[PDB]
Each structure stands twice: as C-alpha cells, then as structure tokens.
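Chemist: Shown below is the structure under consideration.
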Amino acid sequence: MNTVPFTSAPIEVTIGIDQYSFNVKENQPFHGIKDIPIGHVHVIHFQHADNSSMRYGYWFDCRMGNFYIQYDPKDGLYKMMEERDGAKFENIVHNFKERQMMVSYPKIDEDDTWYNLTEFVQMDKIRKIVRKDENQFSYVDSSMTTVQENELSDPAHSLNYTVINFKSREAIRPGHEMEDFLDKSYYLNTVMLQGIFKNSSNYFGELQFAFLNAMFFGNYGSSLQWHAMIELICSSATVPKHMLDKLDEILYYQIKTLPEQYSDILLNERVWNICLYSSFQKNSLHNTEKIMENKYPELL
Amino acid sequence: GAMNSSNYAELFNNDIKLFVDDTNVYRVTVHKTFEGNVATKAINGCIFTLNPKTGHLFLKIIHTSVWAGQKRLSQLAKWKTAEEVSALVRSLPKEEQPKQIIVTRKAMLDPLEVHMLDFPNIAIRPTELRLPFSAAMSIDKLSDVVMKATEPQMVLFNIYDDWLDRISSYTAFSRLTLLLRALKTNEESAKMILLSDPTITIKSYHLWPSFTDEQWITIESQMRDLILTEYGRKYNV
Ligand SMILES: Nc1ncccc1CO
C-alpha cells in the first residue's frame, strides 16, 4: 500500500481521495493519506472551505514515483510534488505513520467501486489529455475547458479529449450522409475505435476519465465528453457484443456512484432518454436502465 | 438564426439566398387493397427551391422511381431533398451559390446541414413564418411538368413572371405569398378569380395571367377577401 504525505494543512479544506472525502480544519495536524491501493490510478482533490470555486485535484499512480502535497501560500492551493530522494520520503512517511497523523484510504474489502470506475483508465493516457510532461501527475479543475469547447482561454491548460462531432466530415462519409448520420457505426468502429483509440479499452478509459472529471470537479466539458462517447455507441447499430456488455457495467457503476443531489447538472436528459429508449442499443443496457429508472426516474 | 417578421427585409438584400420547401417531395394517394387493407401509391413530387429576390425557381422533379424498394420514405424524402439542394449548390458557379438557405420545415435542418458540410460558410436557417409554398402544386404549369415527368428532371421557372420589370422583390414576394395563401385555403375560388376574365391570358413563358397594374390591385383584393371569407367559413368567427 502507498502513501501521499502532506507537509501541512494551513487552510481549511475538504480533501477527496477517489470517492472518499474528509474535512480538514485550518492548521489541523494532518500529514496525509496512507494504505492507498497499488494497481489503480487515484485522484486527490480539494475544495477550500473559504471559497467553493477552488475545486481542483491531481490524477496520480503511486507506481510512477513518490508524491506529496504541500500548500503554496503564493498560488493559494495544495500542490502535488514528486520527492526524487526515495530515503528522505520513506523517512518522512515513517514519522507521520508512527505519530498516526495520516488518514487511511478507507477501502471496504467487498467494495470494487474504484476498480469498476477506473478499469480502463491509464495514467500514461491521462498525461496525453492533460499535457504537462515535467510532472508524472495531472492537475484538473472545475474551470478547465476542452480543445473542442475552445474551437467554438489558454491552450496549455486545456483537456485534450478526442473531438467527437456528429455533424463533421470526420463523422460523415461523402455519399453516405443519411446512413452515417442515422447509424454512427462507421464513425464508432472505423474512425474512432480502429483509427484513433486503436481498441475498446482505450475508448472506455477516456469515457471513464471524462465521467470522473465531471463528477469530482463538476467540469462541464468533461460532462459533454462523457455524454458524447456514450451517445456515439448507443447511436451505432453495429457494436461488438463485448463492448455493449462492458458499457452496461461501466455506466451502471457511474450512475451508482453519482451523488443523488447532482443528477440535475451532471446528467443530460436528451442523451439518456435517447440511449435507453430510442437508440439502436435501447435493449443492450439492462443494468444501466434498471439503476437509472430506480434512482433517477424524474430525468426520464 | 431564425427568419421571422423582424428580419423579413433581409430576403430582398443582395446576399444570394434560397428558400427550400420539401412539402411536395414525397406525395401519396392512400387507397384500399382488395383484402380491405390500406396502401399508398406514390406520385411524382418536387423540391421547391426559390430565390425570393430574383424569383428564380429551381423545380427538381422527384420521380416515383426514387422511392422503389426504399423504407421510411417520409424520412428518406428529407435526405433526398438535402442531397438534391447540395447537388444544385455544387452545380452553380461560386458567385451564384447562396450565402444562406432557409428551410420552411425544421426537420430539413439536420439533413441539409449534413449534406452541406463541404459549404461551412452557407448558413442553413429555419423560419418562424408559415409560408404557403405547399400550394406550388396548385400552379397548373408546375403541377403539369411534375405529373408528366417520366424521369428525374430539373425545370427552371421565374415564379414572378415579368413582375420585377414593374415592382420590387418585396412587393413581388408579397403578391406570390398572397396568391399561394389563397390557392392553399380555397384552390377552386382562387383559380376562378385568376381566370374569371377570358380576355386576360397566361403567356406561354409565364405561370400567372398578364394583369395590368390596376387589374392586379383588384385580383389582390379578391384574394384577401377569399382568405377572409374562408377564415369566416372555418371558425364561423
Ligand atoms: N485509456 C485512457 N485512460 C485515461 C484517459 C484516456 C484514455 C484513452 O487514451
């Protein structure tokens, strides 16, 4: 199990670690988070008590280095940093643990929630969407815009999600206008899967990443990306059977994990109603349809 | 955005634009089969593509053969419309291509936008106006060429005849919409009013009778009264 130590907590903040969160008071003797499962990406995230606009976080994988958080009183945020000295780090962690000033990643053994939300998410692929090659971890926040949002305010601070646009030359073959618009199978299978993503796993990773950024940072562009990637599969008459079965599982855990009181801003009525009720795949998402109907019947 | 009462004068400026009406593209007679079930028999249709400034009408005749062995015909009709409009734009020289296309029905927006991806600077616009272009098949010479077509055919007309020699586009378009509104409300009455006086004929190269300026006033008046008469008949109001 791995550890993300904190130098200190000088400002009152709600700290998130994956789907867990805890309130830390101004100058509370908090020195970070231990027992973080090796094998998955993680996200640590922050919302300052004094201003809810400060909503931001770090995607990281503990297998790629030793990472700690230190408050910068100049930029006014908790920053992730890499400790390159392995022995300094092990020594720092061993003190805070001995003094028990570290919360434990509170994983229930029966609980596969984090695995199921991040199954296809890959830290090297996150680093291509969030470009900052001098760090091994990736900063995201509420206000970061997508490349696509920026086509219709700086490019170094953008989410480089794959552009999906149903009314683009990329999406529609000359001479197959009606066919390609009404059945997006060529756009999904040839352009996106074979062409850009190379395989379904990569496609799912970006979809899962987009969801998580939407849920943890309320990132509007990530929400648009998650819905677009769902809509392109549901609007395709021809999808491999395994992708459909996997999609149902992916979406089930996303709807399951969503805060009950956020459905209204994070879920798109048109997309969900289309995907569950009208689309080619309206019959292929049993789990997702059952949880959506039982948990958010108003939206439908 | 949407073409309405407020931005009406834009139709008559010097930016080339076309109205597209798809309401006569897919045309059926509903009939009883021998087993007492219902079936449609398609008849020839047309795309009504009009430059409201010049009166140039691009009447693409939709021959029933287009529909042979196709399903979801009301849906196909919107995509066939979009395909024909995009082929017409491509066939025009660059300086003749429209800057805007206004569809009379919102269901044409996506089919036309998708067929016009090669033309990102041509704006595809809905309208809030209820235009009577459906009544185009009440103009005898337009109905005649559509029903006689034995294959796909484009026929060029000026829907204003020689009116622009005497009046502006604004006035010509107002006259055209009043005529088509009348033909749509009561075709019988509308054409009795147009042909009541045998001394006023339709030139071979024209669609409408050769009315003097004062005779147009009287016709225009009779058309308004008919649109009122039949508004009275309908609501008893
Ligand atoms: N697999 C992935 N994981 C996280 C973001 C993006 C992808 C796809 O390249």
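Identifiers for the structure tokens are assigned positionally: chains receive A, B, ... in sequence, residues are indexed from 1 per chain, and ligands are indexed from 1 in the order shown.
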Pick out the residues no farther than 12 Å from ligand 1, counting only C-alpha atoms and all ligand atoms, and list them as a VMD selection string.

Modeler: chain A and resid 40 to 42 59 to 61 117 to 131 138 159 to 162 192 to 193 196 to 213 222 225 to 226 229

Chemist: Residues at most 7 Å from segment 215-232 of chain B, counting only C-alpha atoms, excluding those fewer than 4 positions away in the same chain, as an mmCIF file with C-alpha atoms, in the first residue's frame?

Modeler:
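What landed in out11.cif:
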data_model
loop_
_atom_site.group_PDB
_atom_site.id
_atom_site.type_symbol
_atom_site.label_atom_id
_atom_site.label_comp_id
_atom_site.auth_asym_id
_atom_site.auth_seq_id
_atom_site.Cartn_x
_atom_site.Cartn_y
_atom_site.Cartn_z
ATOM 1 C CA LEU B 178 -50.969 36.147 -51.163
ATOM 2 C CA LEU B 179 -51.614 34.065 -54.349
ATOM 3 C CA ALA B 182 -55.366 31.891 -51.416
ATOM 4 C CA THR B 185 -57.164 27.958 -48.410
ATOM 5 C CA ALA B 190 -58.533 31.165 -56.033
ATOM 6 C CA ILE B 193 -60.636 34.617 -59.518
ATOM 7 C CA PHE B 211 -52.717 41.577 -65.447
ATOM 8 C CA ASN B 236 -67.760 30.970 -38.027
ATOM 9 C CA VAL B 237 -65.789 33.990 -36.476
#

Chemist: Counting only C-alpha atoms, which residues of chain A sit at most 7 Å from some atom of chain B, and what is each one's closest atom pair with its distance in Å to one decimal, listed by chain and rising residue number, as CSV?

Modeler:
residue,atom,partner,partner_atom,distance
A:167,CA,B:114,CA,5.9
A:168,CA,B:117,CA,6.9
A:169,CA,B:117,CA,6.5
A:177,CA,B:115,CA,6.3
A:178,CA,B:79,CA,6.2

Chemist: Residues near segment 264-276 of chain A, anyone? I mean within 7 Å using only C-alpha atoms, not counting same-chain ones fewer than 2 positions away, as a list in words.

Modeler: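 The filter keeps residues 223, 227, 231, 234, 262, 278, 279, 281, 282, 289, 299 and 300 of chain A.
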
Chemist: Which residues are near residue 58 of chain A? Cut-off 8 Å, only C-alpha atoms, ignore same chain within fewer than 5 positions. Put them as a ChimeraX atom specification.

Modeler: /A:43-45,80,137-140

Chemist: Would you mind exporting the chosen residues as a short mmCIF file (atom, residue, chain, number, x, y, z; two decimals), in the first residue's frame, restricted to N, CA and C atoms?

Modeler:
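Final output, saved to part.cif:
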data_model
loop_
_atom_site.label_atom_id
_atom_site.label_comp_id
_atom_site.auth_asym_id
_atom_site.auth_seq_id
_atom_site.Cartn_x
_atom_site.Cartn_y
_atom_site.Cartn_z
N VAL A 43 -7.17 9.83 -7.64
CA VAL A 43 -7.26 11.28 -7.76
C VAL A 43 -7.42 11.77 -6.35
N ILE A 44 -6.58 12.73 -5.97
CA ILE A 44 -6.73 13.52 -4.72
C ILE A 44 -7.25 14.90 -5.13
N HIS A 45 -8.25 15.41 -4.41
CA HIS A 45 -8.96 16.64 -4.80
C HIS A 45 -9.32 17.46 -3.58
N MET A 80 0.53 19.05 -5.72
CA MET A 80 1.26 17.77 -5.76
C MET A 80 2.69 18.08 -6.20
N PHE A 137 2.13 13.37 -12.56
CA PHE A 137 0.73 13.50 -12.10
C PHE A 137 0.08 14.62 -12.92
N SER A 138 -1.25 14.63 -12.95
CA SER A 138 -2.04 15.51 -13.84
C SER A 138 -3.01 16.35 -13.01
N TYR A 139 -2.89 17.67 -13.13
CA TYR A 139 -3.78 18.67 -12.50
C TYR A 139 -5.05 18.84 -13.33
N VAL A 140 -6.21 18.78 -12.68
CA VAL A 140 -7.52 19.11 -13.32
C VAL A 140 -8.27 20.02 -12.34
#

Chemist: Using only C-alpha atoms, which residues sit within 8 Å of residue 19 of chain B once same-chain residues fewer than 3 positions away are excluded, as a list in words?

Modeler: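 Listing them by chain and then by number gives residues 48, 49, 50, 51, 52, 101, 102, 103 and 104 of chain B.
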
Chemist: Of the candidates A:149, A:101, A:175, A:134, which one gets nearest to residue 87 of chain B if we count only C-alpha atoms?

Modeler: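 Selected residue with least distance to residue 87 of chain B: A:175.
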
Chemist: Taking the DSSP secondary structure from the backbone, can you list the residues of segment 69-176 of chain B that are strand (DSSP E), as an mmCIF file with C-alpha atoms, in the first residue's frame?

Modeler:
data_model
loop_
_atom_site.group_PDB
_atom_site.id
_atom_site.type_symbol
_atom_site.label_atom_id
_atom_site.label_comp_id
_atom_site.auth_asym_id
_atom_site.auth_seq_id
_atom_site.Cartn_x
_atom_site.Cartn_y
_atom_site.Cartn_z
ATOM 1 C CA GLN B 100 -27.975 31.296 -46.850
ATOM 2 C CA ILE B 101 -30.524 28.515 -47.338
ATOM 3 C CA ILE B 102 -33.847 28.924 -45.435
ATOM 4 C CA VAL B 103 -35.845 25.658 -44.918
ATOM 5 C CA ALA B 123 -25.847 29.341 -43.257
ATOM 6 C CA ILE B 124 -28.798 26.861 -43.015
ATOM 7 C CA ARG B 125 -31.700 28.751 -41.287
ATOM 8 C CA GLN B 153 -35.747 16.367 -64.164
ATOM 9 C CA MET B 154 -34.793 19.931 -63.077
ATOM 10 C CA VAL B 155 -37.121 22.641 -64.568
ATOM 11 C CA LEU B 156 -36.242 26.390 -64.233
ATOM 12 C CA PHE B 157 -39.063 28.964 -63.837
ATOM 13 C CA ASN B 158 -39.345 32.601 -62.827
#

Chemist: Would you mind writing down, as an MDAnalysis selection string, each residue of segment 143-212 of chain B that DSSP on the backbone assigns to alpha helix (DSSP H)?

Modeler: chainID B and resid 143:148 169:185 187:195

Chemist: For the residues in that selection, give me C-alpha atoms as an mmCIF file, in the first residue's frame.

Modeler:
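Contents of the output file selection36.cif:
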data_model
loop_
_atom_site.group_PDB
_atom_site.id
_atom_site.type_symbol
_atom_site.label_atom_id
_atom_site.label_comp_id
_atom_site.auth_asym_id
_atom_site.auth_seq_id
_atom_site.Cartn_x
_atom_site.Cartn_y
_atom_site.Cartn_z
ATOM 1 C CA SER B 143 -48.329 20.558 -61.490
ATOM 2 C CA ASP B 144 -48.301 19.669 -65.249
ATOM 3 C CA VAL B 145 -44.497 19.277 -65.584
ATOM 4 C CA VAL B 146 -44.294 17.268 -62.289
ATOM 5 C CA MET B 147 -47.098 14.769 -63.195
ATOM 6 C CA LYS B 148 -45.804 14.286 -66.806
ATOM 7 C CA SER B 169 -38.902 41.876 -54.940
ATOM 8 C CA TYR B 170 -40.614 42.788 -51.606
ATOM 9 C CA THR B 171 -43.883 43.535 -53.454
ATOM 10 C CA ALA B 172 -43.405 40.513 -55.848
ATOM 11 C CA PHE B 173 -42.877 38.099 -52.909
ATOM 12 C CA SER B 174 -45.933 39.653 -51.074
ATOM 13 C CA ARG B 175 -48.024 39.068 -54.247
ATOM 14 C CA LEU B 176 -46.683 35.465 -54.563
ATOM 15 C CA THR B 177 -47.455 34.576 -50.874
ATOM 16 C CA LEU B 178 -50.969 36.147 -51.163
ATOM 17 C CA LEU B 179 -51.614 34.065 -54.349
ATOM 18 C CA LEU B 180 -50.261 30.855 -52.761
ATOM 19 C CA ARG B 181 -52.071 31.519 -49.419
ATOM 20 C CA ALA B 182 -55.366 31.891 -51.416
ATOM 21 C CA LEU B 183 -54.725 28.728 -53.537
ATOM 22 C CA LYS B 184 -53.965 26.794 -50.285
ATOM 23 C CA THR B 185 -57.164 27.958 -48.410
ATOM 24 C CA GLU B 187 -57.986 26.302 -54.661
ATOM 25 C CA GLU B 188 -61.406 26.368 -56.505
ATOM 26 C CA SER B 189 -62.212 30.059 -55.622
ATOM 27 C CA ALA B 190 -58.533 31.165 -56.033
ATOM 28 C CA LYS B 191 -58.295 29.843 -59.694
ATOM 29 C CA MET B 192 -61.954 31.124 -60.561
ATOM 30 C CA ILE B 193 -60.636 34.617 -59.518
ATOM 31 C CA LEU B 194 -57.452 34.241 -61.678
ATOM 32 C CA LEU B 195 -59.293 33.011 -64.862
#

Chemist: For residue 131 of chain B, which of B:205, B:70, B:59, B:105 is the closest residue, counting only C-alpha atoms?

Modeler: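 Closest to residue 131 of chain B of all the choices is B:105.
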
Chemist: Please provide as number ranges by chain all residues within 12 Å of residue 150 of chain A, with the sequence filter that same-chain residues fewer than 5 positions apart are discarded (counting only C-alpha atoms).

Modeler: A: 144-145, 155-161, 163, 221

Chemist: Emit the selected residues as a compact mmCIF listing (two decimals), in the first residue's frame, including N, CA, C and O atoms.

Modeler:
# COMPACT_ATOMS: atom_id res chain seq x y z
N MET A 144 -11.33 24.26 -16.21
CA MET A 144 -10.55 23.88 -17.43
C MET A 144 -11.51 23.52 -18.58
O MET A 144 -12.48 22.74 -18.38
N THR A 145 -11.24 24.09 -19.74
CA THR A 145 -12.04 23.92 -20.97
C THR A 145 -11.36 22.85 -21.81
O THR A 145 -10.16 22.60 -21.59
N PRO A 155 -4.27 27.43 -24.37
CA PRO A 155 -4.20 26.03 -24.80
C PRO A 155 -3.38 25.07 -23.92
O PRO A 155 -3.66 23.88 -23.98
N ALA A 156 -2.41 25.58 -23.14
CA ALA A 156 -1.54 24.77 -22.24
C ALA A 156 -2.33 24.22 -21.04
O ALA A 156 -1.84 23.27 -20.41
N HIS A 157 -3.52 24.79 -20.75
CA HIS A 157 -4.38 24.47 -19.58
C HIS A 157 -5.70 23.83 -20.05
O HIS A 157 -6.72 24.03 -19.41
N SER A 158 -5.68 23.08 -21.16
CA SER A 158 -6.88 22.50 -21.81
C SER A 158 -6.95 20.99 -21.53
O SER A 158 -5.89 20.38 -21.29
N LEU A 159 -8.15 20.44 -21.59
CA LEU A 159 -8.39 18.98 -21.62
C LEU A 159 -8.46 18.55 -23.10
O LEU A 159 -9.46 18.89 -23.80
N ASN A 160 -7.44 17.81 -23.56
CA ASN A 160 -7.29 17.38 -24.98
C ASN A 160 -8.04 16.06 -25.20
O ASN A 160 -7.44 15.11 -25.73
N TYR A 161 -9.32 16.03 -24.84
CA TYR A 161 -10.22 14.90 -25.12
C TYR A 161 -10.29 14.74 -26.64
O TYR A 161 -10.06 15.72 -27.36
N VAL A 163 -11.97 14.87 -29.99
CA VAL A 163 -13.12 15.63 -30.56
C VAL A 163 -14.07 14.65 -31.23
O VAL A 163 -13.67 13.86 -32.10
N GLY A 221 -17.09 20.57 -19.56
CA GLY A 221 -16.57 19.98 -20.81
C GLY A 221 -16.36 18.47 -20.71
O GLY A 221 -16.53 17.75 -21.71

Chemist: Please measure the separation of atom CA of residue 170 of chain A and atom CA of residue 191 of chain A, giving the value in Å to one decimal.

Modeler: 7.5 Å

Chemist: Please provide as a ChimeraX atom specification all residues within 8 Å of residue 38 of chain A, with the sequence filter that same-chain residues fewer than 5 positions apart are discarded (counting only C-alpha atoms).

Modeler: /A:1-2,61-63

Chemist: Taking only C-alpha atoms into account, name the residue in A:233, A:258, A:250, A:171 that is nearest to residue 115 of chain A.

Modeler: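 When distances to residue 115 of chain A are compared using only C-alpha atoms, the smallest one comes from A:250.
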